[PDB]
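Before any comments, here is the structure.
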Amino acid sequence: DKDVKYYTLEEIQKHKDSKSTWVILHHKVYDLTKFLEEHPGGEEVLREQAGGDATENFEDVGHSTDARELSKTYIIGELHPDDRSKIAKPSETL
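Here it is as structure tokens:
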């Protein structure tokens with residue numbers, strides 16, 4: 001396989017040490033280690049510190065200049081939907 005692997009929530013929710021920030025947009029995991037050392041402001045600033053309902057329609061260009069393909073080559077895969085916001089049990093009843 002070489003197209004978006006199903007990572008886990010414990011593997012994404014465990015980047016408190018080391019480097020390479022693992023932010024998430026909606027269902028994709030971003031390893032923006034190249035952006036963390038690009039705009040010295042707070043390492044991970046891809047809308048994921050004070051909440052705010054996801055990152056709106058997308059990333060804002062308020063303090064960005066090269067906003068063209070930063071939310072693509074800075075990704076690694078997706079997150080297992082089983083851990084995302086969906087602990088329901090569709091089907092398996094009728």
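Here PDB author numbering is used: the first residue of the sequence shown is 1, the next is one more, and so on.
Just so it is clear, CB atoms sit at the ideal spot from N, CA and C, and this is done for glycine as well.
Since residue i and residue j should fall inside the 8 Å C-beta cutoff, what is the C-beta to C-beta distance between them, to a whole number of angstroms?
i          : j          : result
residue 44 : residue 29 : That pair is no contact at about 13 Å.
residue 84 : residue 15 : With 8 Å as the limit, residue 84 and residue 15 do not qualify as a contact, their Cβ atoms being about 17 Å apart.
residue 77 : residue 19 : That pair is no contact at about 18 Å.
residue 79 : residue 9  : 6 Å
residue 59 : residue 67 : 6 Å
Mark residue i as exposed unless 16 or more other C-beta atoms lie within 10 angstroms of its C-beta, in which case mark it buried.
i          : result
residue 35 : buried
residue 32 : buried
residue 98 : Given a span of 1 to 94 for the chain in the structure shown, any question on residue 98 remains unanswerable.
residue 93 : exposed
Quick one: what's residue i bridged to in DSSP?
i          : result
residue 77 : 29
residue 23 : 30
Which residues in the same chain have their Cβ closer than 6 Å to the Cβ of residue i, if we skip the five residues on either side of it in sequence?
i          : result
residue 47 : 55
Quick one: residues in its chain with C-beta nearer than 8 Å to the C-beta of residue i, no 5 flanking neighbours on either side, listed in chain order?
i          : result
residue 70 : 32, 35, 59, 64
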